[PDB]
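Okay, query05.txt is below, compact mmCIF, C-alpha atoms:
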# COMPACT_ATOMS: atom_id res chain seq x y z
CA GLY A 1 -14.39 17.55 15.60
CA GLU A 2 -15.16 14.43 13.49
CA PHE A 3 -12.33 15.39 11.02
CA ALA A 4 -9.77 15.72 13.88
CA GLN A 5 -11.07 12.28 15.11
CA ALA A 6 -10.87 10.74 11.59
CA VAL A 7 -7.22 12.00 11.31
CA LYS A 8 -6.19 10.40 14.69
CA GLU A 9 -7.56 6.99 13.49
CA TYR A 10 -5.80 7.49 10.09
CA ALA A 11 -2.48 8.39 11.87
CA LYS A 12 -2.77 5.17 14.00
CA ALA A 13 -3.58 3.04 10.86
CA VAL A 14 -0.52 4.60 9.04
CA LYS A 15 1.74 3.51 11.97
CA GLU A 16 0.31 -0.07 11.79
CA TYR A 17 0.97 -0.02 7.99
CA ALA A 18 4.54 1.26 8.69
CA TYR A 19 5.36 -1.75 11.02
CA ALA A 20 3.66 -4.22 8.69
CA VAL A 21 5.89 -2.96 5.84
CA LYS A 22 9.03 -3.39 8.07
CA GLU A 23 8.08 -7.10 8.78
CA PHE A 24 7.47 -7.66 5.01
CA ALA A 25 10.94 -6.05 4.30
CA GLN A 26 12.59 -8.38 6.90
CA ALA A 27 10.76 -11.47 5.49
CA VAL A 28 11.94 -10.67 1.92
CA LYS A 29 15.57 -9.92 3.13
CA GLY A 30 16.13 -12.55 5.91
CA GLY B 1 -18.46 15.58 7.82
CA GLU B 2 -18.70 13.49 4.60
CA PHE B 3 -14.93 13.78 3.93
CA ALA B 4 -14.09 12.93 7.62
CA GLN B 5 -16.12 9.70 7.15
CA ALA B 6 -14.14 8.85 3.94
CA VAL B 7 -10.88 9.33 5.94
CA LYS B 8 -12.36 7.01 8.67
CA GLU B 9 -13.37 4.34 6.07
CA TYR B 10 -9.88 4.65 4.44
CA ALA B 11 -8.14 4.26 7.88
CA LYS B 12 -10.05 0.91 8.32
CA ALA B 13 -8.79 -0.29 4.84
CA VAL B 14 -5.16 0.72 5.70
CA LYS B 15 -5.39 -1.36 8.97
CA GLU B 16 -6.93 -4.36 7.08
CA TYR B 17 -4.19 -4.13 4.42
CA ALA B 18 -1.50 -3.81 7.22
CA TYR B 19 -2.82 -7.06 8.73
CA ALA B 20 -2.66 -8.86 5.28
CA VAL B 21 0.93 -7.54 4.73
CA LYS B 22 1.95 -9.02 8.19
CA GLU B 23 0.17 -12.35 7.38
CA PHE B 24 2.03 -12.55 4.02
CA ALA B 25 5.35 -11.63 5.78
CA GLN B 26 4.73 -14.60 8.24
CA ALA B 27 4.18 -16.94 5.18
CA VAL B 28 7.51 -15.75 3.62
CA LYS B 29 9.30 -16.23 7.02
CA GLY B 30 7.66 -19.69 7.36
CA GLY C 1 1.16 -25.83 -1.30
CA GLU C 2 1.00 -23.62 1.84
CA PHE C 3 3.01 -20.78 0.11
CA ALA C 4 0.82 -20.77 -3.12
CA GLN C 5 -2.29 -20.33 -0.87
CA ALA C 6 -0.61 -17.46 1.14
CA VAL C 7 0.31 -15.72 -2.19
CA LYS C 8 -3.30 -16.11 -3.40
CA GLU C 9 -4.65 -14.61 -0.08
CA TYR C 10 -2.09 -11.72 -0.29
CA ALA C 11 -3.29 -11.07 -3.93
CA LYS C 12 -6.97 -10.78 -2.69
CA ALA C 13 -5.89 -8.32 0.10
CA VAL C 14 -3.92 -6.17 -2.46
CA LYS C 15 -7.05 -6.20 -4.70
CA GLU C 16 -9.22 -5.13 -1.66
CA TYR C 17 -6.75 -2.32 -0.85
CA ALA C 18 -6.76 -1.13 -4.55
CA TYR C 19 -10.54 -0.76 -4.35
CA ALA C 20 -10.24 1.27 -0.99
CA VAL C 21 -7.50 3.54 -2.54
CA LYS C 22 -9.72 4.18 -5.65
CA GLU C 23 -12.69 5.04 -3.28
CA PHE C 24 -10.41 7.40 -1.25
CA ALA C 25 -9.21 9.06 -4.53
CA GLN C 26 -12.89 9.68 -5.50
CA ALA C 27 -13.65 11.00 -1.94
CA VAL C 28 -10.69 13.50 -2.20
CA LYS C 29 -11.87 14.76 -5.65
CA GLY C 30 -15.59 15.26 -4.62
CA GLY D 1 -1.08 19.98 11.03
CA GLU D 2 -1.83 16.36 12.00
CA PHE D 3 -3.17 15.08 8.59
CA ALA D 4 -0.17 16.48 6.63
CA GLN D 5 1.99 14.64 9.28
CA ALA D 6 0.08 11.32 8.86
CA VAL D 7 0.36 11.65 5.01
CA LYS D 8 4.17 12.21 5.35
CA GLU D 9 4.46 9.06 7.53
CA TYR D 10 2.36 7.08 4.96
CA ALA D 11 4.64 8.37 2.14
CA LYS D 12 7.73 7.08 4.10
CA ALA D 13 5.94 3.66 4.60
CA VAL D 14 5.14 3.51 0.80
CA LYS D 15 8.81 4.19 -0.10
CA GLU D 16 9.93 1.39 2.27
CA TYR D 17 7.30 -0.96 0.70
CA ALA D 18 8.56 -0.01 -2.82
CA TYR D 19 12.14 -0.99 -1.74
CA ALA D 20 10.87 -4.31 -0.34
CA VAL D 21 8.79 -4.96 -3.52
CA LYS D 22 12.04 -4.46 -5.60
CA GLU D 23 13.88 -6.90 -3.28
CA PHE D 24 10.84 -9.31 -3.66
CA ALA D 25 11.30 -8.85 -7.50
CA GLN D 26 15.00 -9.83 -7.10
CA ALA D 27 13.92 -12.97 -5.11
CA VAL D 28 11.29 -13.89 -7.81
CA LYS D 29 14.02 -13.53 -10.55
CA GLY D 30 16.17 -15.97 -8.45
CA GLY E 1 -5.85 19.04 -7.10
CA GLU E 2 -2.35 17.56 -6.69
CA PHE E 3 -3.44 15.26 -3.80
CA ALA E 4 -6.41 13.83 -5.81
CA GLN E 5 -4.02 13.20 -8.79
CA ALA E 6 -1.43 11.41 -6.56
CA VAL E 7 -4.08 9.12 -4.88
CA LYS E 8 -5.43 8.34 -8.41
CA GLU E 9 -1.88 7.27 -9.52
CA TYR E 10 -1.51 5.19 -6.28
CA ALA E 11 -4.88 3.42 -6.91
CA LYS E 12 -3.55 2.44 -10.41
CA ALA E 13 -0.21 1.18 -8.95
CA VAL E 14 -1.87 -0.94 -6.22
CA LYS E 15 -4.30 -2.38 -8.87
CA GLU E 16 -1.23 -3.36 -11.04
CA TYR E 17 0.45 -4.94 -7.95
CA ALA E 18 -2.77 -6.95 -7.27
CA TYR E 19 -2.66 -8.27 -10.84
CA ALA E 20 1.18 -9.18 -10.65
CA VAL E 21 0.78 -10.94 -7.22
CA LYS E 22 -2.20 -12.95 -8.67
CA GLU E 23 0.00 -13.91 -11.73
CA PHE E 24 2.71 -14.91 -9.16
CA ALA E 25 0.16 -17.09 -7.19
CA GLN E 26 -0.64 -18.95 -10.50
CA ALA E 27 3.17 -19.35 -11.13
CA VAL E 28 3.91 -20.77 -7.58
CA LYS E 29 0.86 -23.14 -7.96
CA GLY E 30 1.16 -24.62 -11.52
CA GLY F 1 2.01 25.17 2.29
CA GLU F 2 2.73 22.38 4.87
CA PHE F 3 0.12 20.13 3.17
CA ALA F 4 1.65 20.90 -0.32
CA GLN F 5 4.99 19.52 1.08
CA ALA F 6 3.25 16.32 2.42
CA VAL F 7 1.52 15.88 -1.00
CA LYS F 8 4.91 16.36 -2.79
CA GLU F 9 6.50 13.61 -0.61
CA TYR F 10 3.41 11.35 -1.14
CA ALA F 11 3.40 12.00 -4.95
CA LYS F 12 7.15 11.03 -5.09
CA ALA F 13 6.65 7.90 -2.89
CA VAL F 14 3.67 6.80 -5.09
CA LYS F 15 5.89 7.17 -8.24
CA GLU F 16 8.70 5.02 -6.70
CA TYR F 17 6.04 2.42 -5.68
CA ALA F 18 4.59 2.50 -9.25
CA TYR F 19 8.05 1.63 -10.84
CA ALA F 20 8.73 -1.04 -8.08
CA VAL F 21 5.40 -2.72 -9.03
CA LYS F 22 6.37 -2.75 -12.80
CA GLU F 23 9.77 -4.30 -11.80
CA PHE F 24 7.93 -7.00 -9.75
CA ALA F 25 5.50 -7.44 -12.74
CA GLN F 26 8.58 -8.00 -15.09
CA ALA F 27 10.15 -10.51 -12.59
CA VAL F 28 6.88 -12.52 -12.42
CA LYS F 29 6.48 -12.33 -16.30
CA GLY F 30 10.07 -13.53 -17.04
Written as structure tokens, that's how I'd like the structure from this file.
Amino acid sequence: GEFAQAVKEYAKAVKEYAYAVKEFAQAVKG
Amino acid sequence: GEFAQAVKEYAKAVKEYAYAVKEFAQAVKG
Amino acid sequence: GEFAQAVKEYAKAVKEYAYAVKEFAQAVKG
Amino acid sequence: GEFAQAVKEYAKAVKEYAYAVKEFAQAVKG
Amino acid sequence: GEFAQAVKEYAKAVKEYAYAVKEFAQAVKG
Amino acid sequence: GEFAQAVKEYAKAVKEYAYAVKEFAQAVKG
């Protein structure tokens, strides 16, 4: 219900964190 | 219910942090 | 100049995220 | 299910961030 | 629980990072 | 069981992030 909903929004925020980390990694490397 | 809300409020903080990580990456690239 | 300011703003965002992680940790324990 | 999966993805993101933070540390030592 | 303990350790690590980035901001500035 | 595996991976990622932060902290200090 709400928990299932909360998890979808968490999963989507994790994926945004994952790409932000990759751009940080490239900035530090490049 | 109360825990689902804490997962929702954490998901918002993960997205806000992901944005700050990308902004800092852009400053390192720049 | 520009880069000192971006580091300062990244520091504030890390500090904000630390507070959200501590709140999540408390929410998990409840 | 879905929350264990999102936590696993977050864990992989954290490991990547740790590796970039160590590379950042190498840059700061430079 | 193991999850509560791990998020507690993460909260500590992010708080330390926030303090090291702030020290770095001071270093880049002065 | 599947959550206990996600928590194990998260716990290990958090630990790597914790030592990365101390390495960044030593780079800033030095």
Which neighbours of residue 27 of chain B fall inside 9 Å, counting all atoms listed in the file, when residues of the same chain fewer than 3 positions from it are skipped, and could you give them as a short mmCIF file (atom, residue, chain, number, x, y, z; two decimals) with C-alpha atoms, in the frame of the given file?
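The new file selection-v3.cif reads:
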data_model
loop_
_atom_site.label_atom_id
_atom_site.label_comp_id
_atom_site.auth_asym_id
_atom_site.auth_seq_id
_atom_site.Cartn_x
_atom_site.Cartn_y
_atom_site.Cartn_z
CA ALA A 27 10.76 -11.47 5.49
CA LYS B 22 1.95 -9.02 8.19
CA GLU B 23 0.17 -12.35 7.38
CA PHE B 24 2.03 -12.55 4.02
CA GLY B 30 7.66 -19.69 7.36
CA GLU C 2 1.00 -23.62 1.84
CA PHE C 3 3.01 -20.78 0.11
CA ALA C 6 -0.61 -17.46 1.14
CA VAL C 7 0.31 -15.72 -2.19
#
I'm after chain C in the frame of chain A: fit it by least squares over all Cα atoms matched in order, and give me the output as an mmCIF file with C-alpha atoms, in the coordinates of the input.
data_model
loop_
_atom_site.group_PDB
_atom_site.id
_atom_site.type_symbol
_atom_site.label_atom_id
_atom_site.label_comp_id
_atom_site.auth_asym_id
_atom_site.auth_seq_id
_atom_site.Cartn_x
_atom_site.Cartn_y
_atom_site.Cartn_z
ATOM 1 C CA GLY C 1 -14.299 17.591 16.090
ATOM 2 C CA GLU C 2 -15.353 14.644 13.860
ATOM 3 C CA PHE C 3 -12.532 15.398 11.296
ATOM 4 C CA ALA C 4 -9.724 15.669 13.992
ATOM 5 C CA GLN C 5 -10.779 12.180 15.274
ATOM 6 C CA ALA C 6 -10.798 10.705 11.679
ATOM 7 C CA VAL C 7 -7.266 12.172 11.101
ATOM 8 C CA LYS C 8 -6.080 10.637 14.400
ATOM 9 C CA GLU C 9 -7.550 7.182 13.403
ATOM 10 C CA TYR C 10 -5.952 7.462 9.893
ATOM 11 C CA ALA C 11 -2.565 8.268 11.622
ATOM 12 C CA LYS C 12 -2.852 5.021 13.752
ATOM 13 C CA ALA C 13 -3.648 2.948 10.578
ATOM 14 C CA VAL C 14 -0.602 4.483 8.726
ATOM 15 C CA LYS C 15 1.540 3.625 11.806
ATOM 16 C CA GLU C 16 0.133 0.003 11.760
ATOM 17 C CA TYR C 17 0.902 -0.278 8.021
ATOM 18 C CA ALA C 18 4.508 1.062 8.575
ATOM 19 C CA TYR C 19 5.091 -1.739 11.082
ATOM 20 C CA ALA C 20 3.693 -4.404 8.543
ATOM 21 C CA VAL C 21 5.924 -2.963 5.714
ATOM 22 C CA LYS C 22 9.032 -3.108 8.023
ATOM 23 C CA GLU C 23 8.123 -6.790 8.915
ATOM 24 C CA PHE C 24 7.694 -7.611 5.169
ATOM 25 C CA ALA C 25 11.100 -5.943 4.415
ATOM 26 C CA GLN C 26 12.731 -8.185 7.094
ATOM 27 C CA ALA C 27 10.884 -11.283 5.686
ATOM 28 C CA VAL C 28 12.227 -10.506 2.126
ATOM 29 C CA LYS C 29 15.840 -10.110 3.419
ATOM 30 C CA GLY C 30 15.850 -13.382 5.526
#
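Set the cut-off at 7 Å, count all atoms listed in the file, and the residues of chain A near chain D turn out to be residues 7, 11, 14, 18, 21, 25 and 28 of chain A.
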Complete the atoms of segment 9-30 of chain C to N, CA and C atoms and put them out as a PDB file, in the coordinates of the input.
ATOM      1  N   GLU C   9      -3.931 -15.408  -1.111  1.00  0.00           N
ATOM      2  CA  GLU C   9      -4.650 -14.610  -0.080  1.00  0.00           C
ATOM      3  C   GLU C   9      -4.071 -13.182  -0.031  1.00  0.00           C
ATOM      4  N   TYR C  10      -2.757 -13.047  -0.166  1.00  0.00           N
ATOM      5  CA  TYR C  10      -2.090 -11.720  -0.290  1.00  0.00           C
ATOM      6  C   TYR C  10      -2.595 -10.988  -1.534  1.00  0.00           C
ATOM      7  N   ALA C  11      -2.708 -11.659  -2.694  1.00  0.00           N
ATOM      8  CA  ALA C  11      -3.290 -11.070  -3.930  1.00  0.00           C
ATOM      9  C   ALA C  11      -4.691 -10.486  -3.692  1.00  0.00           C
ATOM     10  N   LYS C  12      -5.574 -11.218  -3.001  1.00  0.00           N
ATOM     11  CA  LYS C  12      -6.970 -10.780  -2.690  1.00  0.00           C
ATOM     12  C   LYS C  12      -6.943  -9.516  -1.819  1.00  0.00           C
ATOM     13  N   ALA C  13      -6.072  -9.476  -0.805  1.00  0.00           N
ATOM     14  CA  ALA C  13      -5.890  -8.320   0.100  1.00  0.00           C
ATOM     15  C   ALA C  13      -5.378  -7.106  -0.689  1.00  0.00           C
ATOM     16  N   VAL C  14      -4.452  -7.296  -1.640  1.00  0.00           N
ATOM     17  CA  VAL C  14      -3.920  -6.170  -2.460  1.00  0.00           C
ATOM     18  C   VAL C  14      -5.100  -5.656  -3.283  1.00  0.00           C
ATOM     19  N   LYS C  15      -5.868  -6.567  -3.882  1.00  0.00           N
ATOM     20  CA  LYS C  15      -7.050  -6.200  -4.700  1.00  0.00           C
ATOM     21  C   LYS C  15      -8.065  -5.417  -3.860  1.00  0.00           C
ATOM     22  N   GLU C  16      -8.337  -5.835  -2.614  1.00  0.00           N
ATOM     23  CA  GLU C  16      -9.220  -5.130  -1.660  1.00  0.00           C
ATOM     24  C   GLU C  16      -8.674  -3.734  -1.397  1.00  0.00           C
ATOM     25  N   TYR C  17      -7.369  -3.620  -1.183  1.00  0.00           N
ATOM     26  CA  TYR C  17      -6.750  -2.320  -0.850  1.00  0.00           C
ATOM     27  C   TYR C  17      -6.840  -1.419  -2.082  1.00  0.00           C
ATOM     28  N   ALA C  18      -6.634  -1.925  -3.294  1.00  0.00           N
ATOM     29  CA  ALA C  18      -6.760  -1.130  -4.550  1.00  0.00           C
ATOM     30  C   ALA C  18      -8.152  -0.487  -4.663  1.00  0.00           C
ATOM     31  N   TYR C  19      -9.135  -1.260  -4.351  1.00  0.00           N
ATOM     32  CA  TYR C  19     -10.540  -0.760  -4.350  1.00  0.00           C
ATOM     33  C   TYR C  19     -10.694   0.354  -3.281  1.00  0.00           C
ATOM     34  N   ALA C  20     -10.205   0.245  -2.078  1.00  0.00           N
ATOM     35  CA  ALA C  20     -10.240   1.270  -0.990  1.00  0.00           C
ATOM     36  C   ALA C  20      -9.464   2.513  -1.419  1.00  0.00           C
ATOM     37  N   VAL C  21      -8.300   2.369  -2.069  1.00  0.00           N
ATOM     38  CA  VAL C  21      -7.500   3.540  -2.540  1.00  0.00           C
ATOM     39  C   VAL C  21      -8.281   4.288  -3.635  1.00  0.00           C
ATOM     40  N   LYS C  22      -8.891   3.576  -4.580  1.00  0.00           N
ATOM     41  CA  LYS C  22      -9.720   4.180  -5.650  1.00  0.00           C
ATOM     42  C   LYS C  22     -10.899   4.964  -5.032  1.00  0.00           C
ATOM     43  N   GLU C  23     -11.581   4.398  -4.035  1.00  0.00           N
ATOM     44  CA  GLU C  23     -12.690   5.040  -3.280  1.00  0.00           C
ATOM     45  C   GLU C  23     -12.172   6.280  -2.551  1.00  0.00           C
ATOM     46  N   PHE C  24     -11.004   6.205  -1.916  1.00  0.00           N
ATOM     47  CA  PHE C  24     -10.410   7.400  -1.250  1.00  0.00           C
ATOM     48  C   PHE C  24     -10.127   8.476  -2.304  1.00  0.00           C
ATOM     49  N   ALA C  25      -9.550   8.105  -3.447  1.00  0.00           N
ATOM     50  CA  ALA C  25      -9.210   9.060  -4.530  1.00  0.00           C
ATOM     51  C   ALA C  25     -10.473   9.802  -4.964  1.00  0.00           C
ATOM     52  N   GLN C  26     -11.583   9.079  -5.138  1.00  0.00           N
ATOM     53  CA  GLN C  26     -12.890   9.680  -5.500  1.00  0.00           C
ATOM     54  C   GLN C  26     -13.360  10.594  -4.376  1.00  0.00           C
ATOM     55  N   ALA C  27     -13.205  10.194  -3.114  1.00  0.00           N
ATOM     56  CA  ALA C  27     -13.650  11.000  -1.940  1.00  0.00           C
ATOM     57  C   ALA C  27     -12.847  12.312  -1.886  1.00  0.00           C
ATOM     58  N   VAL C  28     -11.560  12.279  -2.225  1.00  0.00           N
ATOM     59  CA  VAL C  28     -10.690  13.500  -2.200  1.00  0.00           C
ATOM     60  C   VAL C  28     -11.143  14.501  -3.267  1.00  0.00           C
ATOM     61  N   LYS C  29     -11.441  13.990  -4.454  1.00  0.00           N
ATOM     62  CA  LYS C  29     -11.870  14.760  -5.650  1.00  0.00           C
ATOM     63  C   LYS C  29     -13.246  15.429  -5.446  1.00  0.00           C
ATOM     64  N   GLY C  30     -14.182  14.803  -4.728  1.00  0.00           N
ATOM     65  CA  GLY C  30     -15.590  15.260  -4.620  1.00  0.00           C
ATOM     66  C   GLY C  30     -15.735  16.770  -4.421  1.00  0.00           C
TER      67      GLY C  30
END
